[PDB]
4 protein chains.
Amino acid sequence: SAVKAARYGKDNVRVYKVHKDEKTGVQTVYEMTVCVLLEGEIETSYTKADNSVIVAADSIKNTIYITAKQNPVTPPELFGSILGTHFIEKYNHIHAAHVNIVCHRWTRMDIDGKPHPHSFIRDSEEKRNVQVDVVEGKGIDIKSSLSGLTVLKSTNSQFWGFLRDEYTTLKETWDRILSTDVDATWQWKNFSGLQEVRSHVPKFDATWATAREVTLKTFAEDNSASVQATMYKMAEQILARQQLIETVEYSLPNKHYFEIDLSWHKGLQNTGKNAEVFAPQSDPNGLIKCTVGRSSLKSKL
Amino acid sequence: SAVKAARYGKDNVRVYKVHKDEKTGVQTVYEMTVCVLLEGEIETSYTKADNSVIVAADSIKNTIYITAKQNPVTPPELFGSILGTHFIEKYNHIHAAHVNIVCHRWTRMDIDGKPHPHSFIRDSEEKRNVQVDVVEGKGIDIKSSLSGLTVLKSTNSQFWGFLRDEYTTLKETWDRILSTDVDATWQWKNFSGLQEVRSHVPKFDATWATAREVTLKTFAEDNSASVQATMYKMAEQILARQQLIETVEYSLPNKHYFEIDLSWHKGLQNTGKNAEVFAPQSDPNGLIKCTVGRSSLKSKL
Amino acid sequence: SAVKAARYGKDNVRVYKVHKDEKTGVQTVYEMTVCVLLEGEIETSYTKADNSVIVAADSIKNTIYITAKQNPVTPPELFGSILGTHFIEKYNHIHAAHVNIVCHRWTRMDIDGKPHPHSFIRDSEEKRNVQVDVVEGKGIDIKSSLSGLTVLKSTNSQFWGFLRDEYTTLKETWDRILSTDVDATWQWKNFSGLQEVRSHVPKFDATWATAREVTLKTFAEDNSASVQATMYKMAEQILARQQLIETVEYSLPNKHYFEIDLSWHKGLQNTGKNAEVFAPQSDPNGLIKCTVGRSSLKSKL
Amino acid sequence: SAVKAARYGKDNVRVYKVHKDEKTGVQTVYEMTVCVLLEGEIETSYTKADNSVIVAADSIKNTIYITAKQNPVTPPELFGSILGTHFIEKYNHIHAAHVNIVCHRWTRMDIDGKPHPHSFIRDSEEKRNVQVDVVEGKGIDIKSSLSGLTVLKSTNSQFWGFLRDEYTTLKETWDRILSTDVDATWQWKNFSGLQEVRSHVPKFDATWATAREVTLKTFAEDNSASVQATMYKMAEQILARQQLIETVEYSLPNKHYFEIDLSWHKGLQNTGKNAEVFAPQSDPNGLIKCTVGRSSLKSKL
Ligand SMILES: Cn1c(=O)[nH]c2c(=O)[nH]c(=O)[nH]c21
Ligand SMILES: Cn1c(=O)[nH]c2c(=O)[nH]c(=O)[nH]c21
Ligand SMILES: Cn1c(=O)[nH]c2c(=O)[nH]c(=O)[nH]c21
Ligand SMILES: Cn1c(=O)[nH]c2c(=O)[nH]c(=O)[nH]c21
């Protein structure tokens, strides 16, 4: 037997950080959950009970809090890059650091139409995430994402012209409800190290804002032919707006709202143009995925 | 053996309703989860296998969708009162209907600074709830609530002067983080029937809006002496603003954010006035409850 | 405004305790989650920012661990009674202690057909719970429960003879799947204090075992006319087997398994006597409740 | 823009199947949740609103129930292989089918020491899973797993000799609690098609049973030097017992149980050899992973 793959460390590390402007009294909070898993010359911990190669997960936890004390926690792409770089530089025998960060929403409260200096509301369970893989000799691979963005449109969704055979019962529709939970990931060009990540810092918040804006506007305005066709338009617009992105991935459930035939009861009309009351279906659901990149096809376009 | 208490019916009934203004094209959606449990002369279903006294839960489910088709679903206090009244009036042997409704947020999307006619966002897992108990011969008892409103303030919370004995380790503080999930319930005066509920319909949305506004402003502006003292101020202001409320109940967890002593590492200062990085605690938590009503004490005030 | 009701304390306190037989090497573990809420002369903490009347929830947490160190944690009815009594005796101004305990399963592992001395498995998310209300001057009110016991029978469940009117679509059945999550509560006679609870200690484990045995055997052997009729038989047998119980309460969801008509596909027969493949429904569900006590009817039985 | 990756279909499809021995009256139930995602010449559904290439997820759902009606659902490796093969054979333009199955426990009830013919208990939320990737021209890749197996040992776990530097606070221990949720995956040799999967059918149940037995016995008997060292022993034994497995992967959280120093209270001794009461930590947790395969190193072993 031999170790083909190994990583270890600490998961579910909750972190809060406050910034206090002593001049204005304005406070700003940041809250996240962090996972750090290390790789390197660690196989003997598995094979030989050699704990000398283990940077204790407790120590990794201490290091997350120390890094957050001594560095910005925003944008999360930067914080993740700083943290991962620390582990591969500090420890000769550690050759990769895998940093996952989930960012929790704390939106400043408006009280009597004025922003409150130190009060916040969890305005959505929507998250902003990063996956930062720091690989010694191979730079920094960053995937940025928004997840748990739950949306619904009551019309301007269609689904007709799909394959029909002996397995098919679904009726074509020219007007249905569309509801999803948006998981959208943008994959950055490889960065050579922390200096190159730092040189692009304003692009992280800007690209997250673009991804969210494009997701909401496209969902709201596309007279959707399918989830497939709608998500492709979101991905192509985000790629057009940030050249340092290589790919945009969407993973979208089709959260069904079924019509309810009430015609058995006093001839009530609640289908088609008369549909007012629907049954939201918890399961099953459609699931639609794609990864969009830029073309290099020159023939048979 | 004898039946001391019994109720039965249908839980977790997901309901969506759309309103379509054909003039403006503006669509408005409502989504809820409904539970209806009936009481009455039903003991023989338990004791004698007498199913003749059971209004099938499947039929109760059909009735929820039919009621939603033929009546407003908003405010939920009205929808609940209509539904509960239907069961005690339709069925001679049914003497109480217990209607619980959870209302899910679908907030209209703003696209390029304009409200979209048919696109919505789940802007919070915060709920608006009702419990409506329709009791034949005893009218309609309504409890209204907001739940899952998650808030945090980074300063202007204190906790000192508490009892200290041989069980006490907690340090007094003059500056801590306060974070909670707000569960706030307002209990209406008994209504004689559906006509009296209908006569007060505008008060339901107005009182929910008042409860939320008072909760947010008080949380944000109170230099809090304790969760106890802060919630009491919220409850007294809501009672002052709606005479048809008898009681206001709060149930608030104290969701702890602990300081992290980093002085063992390079003398880093992260406690007291230098506290920037905190550890959010998932459990345990403080839990603080109270029900506030109006006084009738004339002596020893 | 005046305080009509108030309680406060600590929730979600996770507790583990190990017993080590040094003679045999056999270790036994206990794991629970504890909530303690106090009542008494505490209104000034709410009305006057008077923290002198608050036994800090942090101190209540310390007290749970100290009690567990100095006393048995089993049966949970005893541990809860000890803990609640401590608060009303130690603090003159505290007049009630509300102790909720959830007990988590750690079942000894059998390895090569022999019980392992120190290895355990979470063999079910089924819980054993207590609610212990210690009220100064009014003794100790205990409710014991089992919850999250998930069961299914594939036949010997029926549902016919229910009310049929213009709201009814459900077909009568003489053979259906029955599946539920069992919540069963037994309410003890009021105990005068801790001495009387201690005098009955063996009855707590014995009555929990009886409730579980009766629940499983009745579910498995009753050719069920309805959930109502089946749960009534469980409750009456548990009352017959423990005179110190006053009431037995069941709360049972009817977790539906729907037939799937496949006759549209190659005439496949999958309904009635040919039903093999079913669709489990996550929601909605039936919900059936009753509280059974002993009779004192002497006429019109 | 161009489609670099795409799949779509149906998730969260709950399936139940009953087998009825008419001779013995013995019934056997199977319950699972199924996901099927297809790949192939489907990019035009994304780029051109061409729904002609979509096998509707509703049709995929119908096909799961039809397959379950016409074929064994056990072992899940076989059911998954049948289902995936159907999609790549039926549809010329579909070139891969990705089938994920979660199997839910329904263990036969023993009533009065005899197995009941038609009553079952969810004896654990532990799952048995498969991932079956059917790739046209490349056969059938199967990963089998057990997940959610929650275990604890109260002693015979150690953690000492780990790296100590300026980030390290953790104390070495020679006796701690070890608790985890076991996620164990075994990767099968590539199968050429459905005939080769069928030729190995008895190996699926046997290898799952081996993986579980080895996991439980090793956890219980290993005087653990670390999670790393313990999981490596499990993986090497499972590889030794099934030559058709290429790799065994473990993913194990270290679910911490912290000692509680009570010496501040009446000198109570609850640490080290006197530790009886512990605080289970919900988060953070250690996370330890490895993939073990067979060696081909001939030098520098
Ligand atoms: C309703 N529906 C299916 O059944 N499949 C699909 C699909 O892949 N995409 C859709 O937009 N809708 C839909
Ligand atoms: C921190 N803290 C306790 O320990 N108990 C209590 C309490 O009841 N109320 C608070 O506001 N804080 C607090
Ligand atoms: C299927 N079904 C209903 O619709 N209602 C009821 C009920 O109250 N009890 C049952 O056992 N089944 C059932
Ligand atoms: C307690 N502890 C750490 O902090 N890290 C680790 C690790 O990787 N492995 C362990 O078994 N324990 C442990």
Side-chain angles (χ1 to χ4, degrees), chain A residues 162-173 256-265 270-271 278-286, chain B residues 56-59 61-62 65, chain C residues 152-155 157-160 162 164 168-179 254-286, chain D residues 9-10 12-20 22 27 29-34 36 55-73 79 82-83 86-87 90:
Chain A
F162 51 89
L163 191 148
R164 300 194 81 79
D165 67 6
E166 64 274 25
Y167 295 95
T168 312
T169 58
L170 179 66
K171 298 172 51 258
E172 294 185 318
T173 185
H256 307 300
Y257 284 68
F258 289 177
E259 292 184 22
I260 307 164
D261 190 338
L262 294 178
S263 64
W264 58 271
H265 183 87
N270 189 51
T271 65
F278 291 75
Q281 306 296 300
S282 299
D283 60 75
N285 55 281
Chain B
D58 187 79
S59 306
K61 177 202 69 183
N62 291 339
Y65 292 122
Chain C
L152 179 151
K153 69 186 307 186
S154 52
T155 188
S157 172
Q158 306 187 44
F159 194 63
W160 56 261
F162 51 89
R164 300 194 81 79
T168 312
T169 58
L170 179 66
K171 298 172 51 258
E172 294 185 318
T173 185
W174 293 265
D175 194 5
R176 65 180 186 172
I177 295 159
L178 178 59
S179 180
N254 193 6
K255 306 172 81 192
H256 307 300
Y257 284 68
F258 289 177
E259 292 184 22
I260 307 164
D261 190 338
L262 294 178
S263 64
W264 58 271
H265 183 87
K266 301 182 181 173
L268 283 172
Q269 296 307 320
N270 189 51
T271 65
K273 286 175 189 299
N274 286 305
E276 286 182 297
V277 179
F278 291 75
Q281 306 296 300
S282 299
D283 60 75
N285 55 281
Chain D
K10 201 81 176 181
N12 294 305
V13 177
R14 299 189 61 189
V15 186
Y16 161 111
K17 189 175 183 182
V18 60
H19 175 277
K20 293 183 189 190
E22 285 155 75
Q27 307 196 347
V29 299
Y30 307 95
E31 190 178 329
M32 61 191 161
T33 303
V34 177
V36 174
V55 181
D58 187 79
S59 306
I60 293 171
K61 177 202 69 183
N62 291 339
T63 304
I64 291 161
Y65 292 122
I66 293 160
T67 304
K69 176 66 179 188
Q70 295 189 298
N71 301 276
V73 294
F79 180 64
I82 298 170
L83 186 54
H86 164 78
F87 289 109
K90 174 68 192 183

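Sequence lines set the chain letters: A, B, ... in the order given, protein chains first and strands last, and positions in each chain run from 1.
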C/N270 side chain to C/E276 main-chain N or O, any donor-acceptor pair under 3.5 Å? yes
Hey, what do you get for CD1 (D/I82) to OG1 (D/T67), rounding to the nearest 0.5 Å? 8.0 Å
Measuring from atom OG of C/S179 to atom CD of D/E31, what distance do you get when rounded to the nearest 0.5 angstrom? 7.5 Å
Any heavy-atom pair between the side chains of D/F87 and D/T63 that's under 4.5 Å? yes
Test item: C/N254 and C/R176 side chains (from C-beta on) under 4.5 Å apart, heavy atoms: yes
Is a side-chain donor or acceptor of D/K61 paired with a backbone partner of A/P284 at a separation under 3.5 angstrom? no
Hey, could you give me the CD/OG1 distance between C/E259 and C/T173, rounded to the nearest 0.5 Å? 7.0 Å
Could you tell me the separation between the CD1 atom of C/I260 and the NZ atom of D/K69, rounded to the nearest 0.5 Å? 10.0 Å
Where the side chain of C/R164 meets the backbone of C/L170, is there a donor-acceptor pair that is under 3.5 Å apart? yes
Find the distance between CD1 (C/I177) and CZ (C/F258) and round it off to the nearest 0.5 Å. 11.0 Å
Start with the C-alpha gap between A/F162 and D/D58, add the side-chain angles, then the distance that decides, and say whether side chain to side chain contact (heavy atoms under 4.5 Å, CB included) holds. CA-CA 11 Å; A/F162 51 89; D/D58 187 79; over 6 Å; no
With side chain to side chain contact (heavy atoms under 4.5 Å, CB included) as the criterion, how do B/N62 and A/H265 come out once you've worked through the C-alpha distance, each side chain's angles and the decisive distance to 0.1 Å? CA-CA 9 Å; B/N62 291 339; A/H265 183 87; over 6 Å; no
C/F278 vs D/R14 side-chain heavy atoms within contact, under 4.5 Å: no
Quick test of your reading of the model: are C/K273 and D/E22 salt-bridged, counting only N-O distances below 4.0 Å? no
Under 3.5 Å side-chain donor-acceptor pair for C/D261 and C/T271: no
Distance-only, no hydrogens or angles: does the D/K10 side chain make a donor-acceptor pair with backbone N or O of D/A56 under 3.5 Å? no
Would a distance-only check, ignoring hydrogens and angles, find a side-chain to backbone donor-acceptor pair under 3.5 Å from C/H256 to C/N285? no
Can you check whether A/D165 reaches D/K90 side chain to side chain, under 4.5 Å on heavy atoms? yes
Test item: D/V73 and D/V15 side chains (from C-beta on) under 4.5 Å apart, heavy atoms: no
Please lay out, stage by stage, how D/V18 and D/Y16 fare under the test side chain to side chain contact (heavy atoms under 4.5 Å, CB included). CA-CA 7 Å; D/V18 60; D/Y16 161 111; 3.7 Å; yes
The test is side chain to side chain contact (heavy atoms under 4.5 Å, CB included); show your working for C/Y257 and C/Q281 and say whether it passes. CA-CA 6 Å; C/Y257 284 68; C/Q281 306 296 300; over 6 Å; no
What class does the angle between the rings of C/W160 and C/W174 fall in, given that below 30° is parallel, 30 to 60° is tilted and above 60° is perpendicular? parallel
